[PDB]
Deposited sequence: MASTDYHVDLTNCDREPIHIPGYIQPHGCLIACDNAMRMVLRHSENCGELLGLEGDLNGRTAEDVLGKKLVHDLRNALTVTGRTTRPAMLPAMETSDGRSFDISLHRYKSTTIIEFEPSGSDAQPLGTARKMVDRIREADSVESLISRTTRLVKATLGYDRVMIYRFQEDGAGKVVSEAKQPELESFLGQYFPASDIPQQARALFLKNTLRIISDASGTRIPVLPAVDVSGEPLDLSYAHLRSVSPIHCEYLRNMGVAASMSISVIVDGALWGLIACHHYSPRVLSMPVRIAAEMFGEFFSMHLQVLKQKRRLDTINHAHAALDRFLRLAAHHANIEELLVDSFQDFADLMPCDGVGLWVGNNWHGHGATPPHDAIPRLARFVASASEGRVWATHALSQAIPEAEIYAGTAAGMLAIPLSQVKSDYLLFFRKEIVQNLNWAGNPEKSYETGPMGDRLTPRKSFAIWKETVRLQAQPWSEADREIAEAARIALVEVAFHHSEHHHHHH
């Protein structure tokens, strides 16, 4: 039995149940024999008796088995409006772990949605409009986008909602809210469908076969839901969901999460459209993200080139840097910047106090090998840094010399200080047996604890810019030494 002590390793790929909005037949790798079936196959497909040990041809008929075998030559195959008795079923077909899984549901959207995002020319504009578009088109009560942080936490970066709902915009949930196996399954599958968070699960018969093997439902869209997540949704009032996974650089960037406060499942044709939309969204996001990065790096290069040209006509470089250092804050996101040269401090924005800087400089001198050194958790490196964490919890240090402990220092505030949460601190949630852990309020509190005394991480882009600055300043120092 799953609970809060073991939900981190819950084997959610092998639950032994499906959701009730479809039925499932598992055959051998050659689609010759029925090995397992969901208990609701009889009712849904109009079949009698234990289906296990009947041939696929027997159960499905000659035509359908032929058509499915053909589809299996060609991601699960999605076959809307297949003809069985002359009825229509939307069929999903795949093979995994030497098992053929057939899923049945009783039977230009993509182009229209894509056309409404393809002209977005910033990441911000893309993510803002997508929740609104998806909500209107797919008819869910709420649509959110989460962006995963470096530590795996999710940030709610976009939201469209019914006017009567509470807001989660600007909120974060901890990494632990989505277990590693769920993340694996959100990388492997574009869509995750939950038709009813209070729907009675349908057993796969048998759950464990004569060889002792569970049925791996990793790629089955009907796979049942963890009791943990069902309780979480029930506490929220959510009754149904569908996520579209967002893939950037071959990895899970985040989710488009659609939540409904009553049961809901989109027809397979619409799901296919949503999947196509998701692929386009991911690719457009990646392209916009690349452009933003390029522009930011080019901005830094341009600024540093201006600095190099400026410095060429200054006899006193220390003075120039005392007069100029504040401008370096524009190179990358930061809340403060400062110059530590010849044991003299010059600060701008949110920095540690004057008297704290020696200790920091000493620490970097010990820890660095003459390149950029950066942390988003100062107090972990330097316990006494805790006192000023409110002002400066993260530091990036650019060395100005290999023989002297002189630095250009960038700082960031504790991440909780920069929060822009649109939600309602008064909003409370009912709970079930597992208690308040499974509520947005507690999730948010847990996240805050995970990032206490910490700042926003220095990204790979931030570090590239810092390295550009380091080398630019080396050049300033060198050309000065050449002349003068």
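Missing from the model, relative to the deposited sequence, are the ranges 1-6, 81-85, 96, 120-126, 504-507.
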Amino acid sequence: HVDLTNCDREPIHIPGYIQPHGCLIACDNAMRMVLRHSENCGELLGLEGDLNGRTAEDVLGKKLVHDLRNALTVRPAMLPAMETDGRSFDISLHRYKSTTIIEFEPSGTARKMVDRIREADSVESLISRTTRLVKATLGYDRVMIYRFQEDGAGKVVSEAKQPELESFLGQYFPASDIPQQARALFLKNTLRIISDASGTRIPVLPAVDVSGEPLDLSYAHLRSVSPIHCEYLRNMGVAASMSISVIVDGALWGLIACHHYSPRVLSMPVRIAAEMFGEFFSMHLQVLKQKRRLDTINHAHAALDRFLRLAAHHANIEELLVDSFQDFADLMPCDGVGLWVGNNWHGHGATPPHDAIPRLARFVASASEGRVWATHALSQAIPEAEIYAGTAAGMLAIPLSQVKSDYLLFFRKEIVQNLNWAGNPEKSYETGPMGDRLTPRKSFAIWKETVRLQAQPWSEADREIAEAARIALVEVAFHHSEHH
From here on, numbers count along this sequence of modelled residues.
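According to the PDB record, 338-346 carries the higher mean C-alpha B-factor of the two stretches 154-162 and 338-346. Taking only CA atoms, the mean B-factor in the PDB entry is higher for 301-309 than for the other of 254-262 and 301-309. Per the PDB record, 82 has a higher Cα B-factor than any other of 238, 393, 187, 82. The residue among 171, 107, 226, 125 whose C-alpha carries the highest B-factor in the deposited model is 107. In this PDB entry, residue 34 carries a Cα temperature factor that places it within the middle third of its chain's modelled residues. When all modelled residues of the chain are sorted by CA temperature factor, residue 456 is found within the lowest third. In this PDB entry, the Cα temperature factor of residue 195 sits in the bottom third of its chain's modelled residues, the lowest group.
Among the modelled residues of the chain, residue 212 sits in the highest third by CA temperature factor in this PDB entry. Residue 49 sits in the middle third of its chain by CA B factor, as recorded in the PDB entry.
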